[PDB]
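In case you want the letters, here they are:
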Amino acid sequence: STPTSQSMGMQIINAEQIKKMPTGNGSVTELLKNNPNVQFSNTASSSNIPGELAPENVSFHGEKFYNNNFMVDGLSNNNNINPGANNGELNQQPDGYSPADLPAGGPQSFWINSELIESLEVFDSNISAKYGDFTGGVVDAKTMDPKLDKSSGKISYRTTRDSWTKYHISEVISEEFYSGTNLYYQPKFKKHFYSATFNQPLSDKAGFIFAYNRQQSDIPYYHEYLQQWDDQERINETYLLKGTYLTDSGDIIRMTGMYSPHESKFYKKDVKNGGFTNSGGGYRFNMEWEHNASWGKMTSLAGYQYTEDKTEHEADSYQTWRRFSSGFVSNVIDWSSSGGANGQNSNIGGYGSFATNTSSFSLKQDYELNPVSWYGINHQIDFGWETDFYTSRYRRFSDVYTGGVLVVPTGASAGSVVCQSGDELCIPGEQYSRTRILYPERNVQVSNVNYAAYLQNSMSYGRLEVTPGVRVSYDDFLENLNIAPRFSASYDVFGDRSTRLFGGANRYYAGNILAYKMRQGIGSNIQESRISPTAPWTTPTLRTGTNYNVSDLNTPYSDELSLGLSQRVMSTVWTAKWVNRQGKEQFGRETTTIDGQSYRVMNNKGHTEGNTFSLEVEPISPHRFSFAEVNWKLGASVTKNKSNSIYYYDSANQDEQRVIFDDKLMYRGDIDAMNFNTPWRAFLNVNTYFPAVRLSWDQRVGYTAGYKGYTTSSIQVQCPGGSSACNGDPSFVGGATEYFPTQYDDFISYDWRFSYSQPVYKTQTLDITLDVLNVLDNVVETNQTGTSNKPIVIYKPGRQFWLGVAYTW
Ligand SMILES: CCCCCCCCO[C@@H]1O[C@H](CO)[C@@H](O)[C@H](O)[C@H]1O
Ligand SMILES: CCCCCCCCO[C@@H]1O[C@H](CO)[C@@H](O)[C@H](O)[C@H]1O
Ligand SMILES: CCCCCCCCO[C@@H]1O[C@H](CO)[C@@H](O)[C@H](O)[C@H]1O
Ligand SMILES: CCCCCCCCCCCC[N+](C)(C)[O-]
Ligand SMILES: CCCCCCCCCCCC[N+](C)(C)[O-]
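Residues numbered from 1 in each chain as written, not as in the entry; some residues may be left out. Chains lettered and ligands numbered in written order. Heavy atoms only, no water.

X-ray crystallography is the method the PDB entry lists for this structure, together with a resolution of 3.20 Å.

Test applied: UniProt positions are given in the numbering used here, feature names are shortened, and annotations may be inferred rather than shown by experiment.
The name that the PDB entry assigns to the protein chain is Ferredoxin receptor, with the source organism given as Pectobacterium atrosepticum. Here the PDB entry title reads "The Crystal Structure of the Ferredoxin Receptor FusA from Pectobacterium atrosepticum SCRI1043". Quoted straight from UniProt, the Subcellular location (unreviewed entry) entry for the protein chain says "Cell outer membrane".

The structure is reproduced here in structure tokens:
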């Protein structure tokens, strides 16, 4: 059995516990909301953005949001190229809009639905040497296994809508919002979730399981100027197939296969054929071999996993044409993109396709030895190793041409454009392009190999438990070998199990980013010119634009200290604990100069702190108090998190800037963190079951410290005189931007889930499921944008209904 000091710092959510928490989009990170050690992006749940299907972003003890280890079925599900794009916030032009974009796709490469999952193991504190490639938390999601006894199976269906959603939108925006001209202002929409599961035995000793799961979301979108309604789309799919076979020997062989594409359908604004789609996800193949020997257990795995973020546009060339201007009106340009009174231009097309992928083959092996007493104490030993050979690419699939400067001869020479038979950049009689920019077919490619091994020894003298462990890893990307001591202890103060202390000190090293590699060539373009529209294209010249590059880096780590205490007061367990995290050597941005050419490059100048006091109360067993039965759980936390100005790996170092902030003139690097920094929150869950009418009545209540919004001075406060804070440093001379707080008040969150089951033909049932999400519909500020000039507040979703129908057998 696992050591008591490590369980103290992990969560376990089995499938029946999952079904009893009320949910929107079922997604992995959503399930973390009952964990007092985690926080979410200020924008992660917002009323502007239903219809969106991605996973929320999460940060453990205020560590980076892209420094978590997300696993599925114990294997990595992390994007190690570009996971923290735009520090996790959305972009009015999602990445791929523009020709020279590095695709994003976020911290998880497979977006797995909250069905499909048997158990979720969530480690945040005193983590095991067995787990690496994180600074923050570990989030292992175990999919459904086959059963060998019966032929289970289920078909579900589930939906929500704009009708059914009550919105909260600022005014200021409400005009623009309801026009539906903004991608991420979605007033009208429909989500649809299908699922199908087949459990299937073959022998007394072998069976498989097929599962499928589709989430889809349609969002209308309008072009002013172009004057068209197009439909945005969001599709997530998961196909899953697992066999298991028990040998004559008593050893076990498993085999998994997964395919988890997701895509997002977008539109370049007011552009004829402006469409483009952003595919993500990929697939897996496992093969796993348990062996049960006299000494212990030995599980040996081989795996392969292709994952890919690709942007693909409706067309592979882009033009900007003129509809009309002084002296000119086209017979051929129907549409417009601008609406100027005296001049209108018309954009058409797009920037080809292009992508990043990672192909990777993995070989794990883990040993669980049987306990062994030696020199008077028990030795639970684990050890193991693993190695991963991977290859990352970026590719533009084919040459994409953009139109350059325009000509529109008018007046004396008004009709005189004479085109070439094939010429995509010439409209006979009207207009042509003098220059033309070619973004070329390209390819950049890394192939690497990481190695890791770990040894742990949980020893116990009775009363005591003390588990020193080591994880050693080497990435040949940075070529660093890192050694991570993990230490975790526990003491029982009087037999009993009534009163136990525990603590520990550990170090977690992160995995790779490697975006700066993939961007190396990126944004190369070759521009040509021509005198007339029958001249040949003449003077090709290669520009690179912003150049990116590799540098000599340390691997970012996080150091931990923990101390806690678990009391059993009555028939109710009160466990309270402290954790502190120094996050160190965190990647950021530098501009460096090589040969007169300049280069964006990664540094190790970021840093973070995390400090959390967490309490947790939970009764021993449910109350049967009588005609129904009720269980309950209660979490709470107090949380101070810190940060540089280096928010993520593409943030430049603006620490030495001077900034006014709360009343006194100070350096920017020392100001409060403004994402993942809610000072406290408490939450209670109550699951109620009325067996008399087969009705489940699940409620989540929560009281939460309010948001604190900031805005900034549009104009820098110049400083010898010009603010009475300039005296905080009389010598200082220069500018400084002032931050203006608005402290919103603490708020009550309240969520419901009903689930009624109903027999149909003996062994079958039909299940009705209803979620009421913001029950009181009360308004809460989540996030604040803009200068003081124009401040914009964003709110948490109002009351929302989800309706589900399941059919089991
Ligand atoms: C279980 C074995 C996997 C079977 C899935 C085969 C279908 C994969 O389809 C492919 O997947 C990649 C990422 O999704 C894309 O980049 C490819 O262009 C696409 O054709
Ligand atoms: C768990 C600890 C294992 C240590 C292995 C260190 C390997 C360092 O050795 C390097 O590894 C590269 C990638 O594998 C090779 O291609 C290089 O030739 C070699 O310099
Ligand atoms: C068994 C008792 C568990 C509680 C451990 C006390 C942890 C105190 O630890 C301290 O907490 C401060 C917060 O006020 C932080 O400012 C400091 O960084 C930290 O050293
Ligand atoms: C038994 C379940 C198998 C899943 C069937 C999925 C069928 C659709 C495959 C994708 C094709 C696109 N579209 C829009 C028709 O769905
Ligand atoms: C892991 C076993 C699952 C195998 C399923 C293979 C998917 C077949 C492709 C059908 C079309 C899928 N897509 C992307 C169009 O939706």
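Some thoughts on the site of ligand 3
Put simply, the rule reads: In these notes, residues near a molecule or strand are those with any non-hydrogen atom within 4 Å of it. Computed with a 1.4 Å probe, the accessible areas rest on the Shrake-Rupley method; for each residue, only the protein chains presented here act as cover.
For ligand 3, the full set of nearby residues is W578, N611 and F613. Contact with the protein chains covers 39% of the free accessible surface of ligand 3, which is 540 Å².

Looking at the sheet that holds strand β26 (residues 431-433)
Threshold: Strands pair, by our definition, only if DSSP identifies at least two bridges between them. A run of DSSP states H or I qualifies as a helix once it reaches four residues; a run of E qualifies as a strand once it reaches two. Both are numbered from the N-terminal end.
Within the open sheet, the 3 strands sit side by side as β24-β26-β25. Their pairing is antiparallel. Only two strands of the sheet have a single partner each, and these edge strands are β24 (406-407) and β25 (426-427). Where β24 meets β26, 2 bridges bridge the pair, whose relative direction is antiparallel. Residue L406 lies in a different strand from β26, and its bridge partner there is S433.

Notes on the sheet that holds strand β5 (residues 75-76)
In a beta sheet, neighbouring strands pair by backbone hydrogen bonds and run either parallel or antiparallel. Ordered in space as β1-β6-β7-β4-β5, the 5 strands form an open sheet in which the pairing is mixed. The strands lining the two open edges of the sheet, one partner per strand, are β1 (10-14) and β5.

Some thoughts on empty space enclosed by the protein
Where we set the bar: Cavities and pockets are found on a 1 Å grid laid over the protein atoms alone: a cavity is a set of points where a 1.4 Å probe fits but cannot escape, a pocket is an open set with protein on both sides within 12 Å along at least five of seven lines, and a lining residue has an atom within 4 Å of such a point. Grid points are joined across faces, edges and corners, and a volume is the space filled by probe spheres set on the points. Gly is placed with the polar residues, together with every amino acid not listed as nonpolar (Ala, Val, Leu, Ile, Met, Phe, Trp, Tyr, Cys and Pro) or charged (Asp, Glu, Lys and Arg).
Applying the stated criterion to the full structure yields 7 cavities of 30 Å³ or more. Looking at the largest cavity, its volume works out to about 160 Å³. Around the largest cavity, the lining is made up of 18 residues, and of these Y66, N67, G511, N512 and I513 lie nearest the centre. Here the residues of the lining of the largest cavity sort into 8 nonpolar, 8 polar and 2 charged. Each pocket or cavity is described by its volume, and for the second largest cavity that value is around 80 Å³. In this structure, the second largest cavity is lined by 13 residues; those nearest its centre are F477, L478, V550, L553 and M602.

Focus on the pattern of salt bridges
Selection rule: By definition here, a salt bridge exists when the distance from a side-chain nitrogen of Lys or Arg to a carboxyl oxygen of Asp or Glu is within 4 Å. When a residue's accessible area, from a 1.4 Å probe over protein chains only, is under 20% of the maximum for its type it is buried; when over 50% it is exposed; and in between it is partly exposed.
Counted under the stated rule, the structure contains 32 salt bridges. For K20, the salt bridge is made with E16, and the minimal N-O distance between the two is 3.4 Å. With a closest N to O distance of 2.9 Å, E560 and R581 form a salt bridge. Of this pair, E560 sits in strand β36 (residues 557-568) while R581 sits in strand β37 (residues 572-594), and the two are 21 residues apart along the sequence. In this pair, the class of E560 matches that of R581, namely buried. Among the charged side chains, a network of salt bridges with common partners joins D73, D145 and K242.

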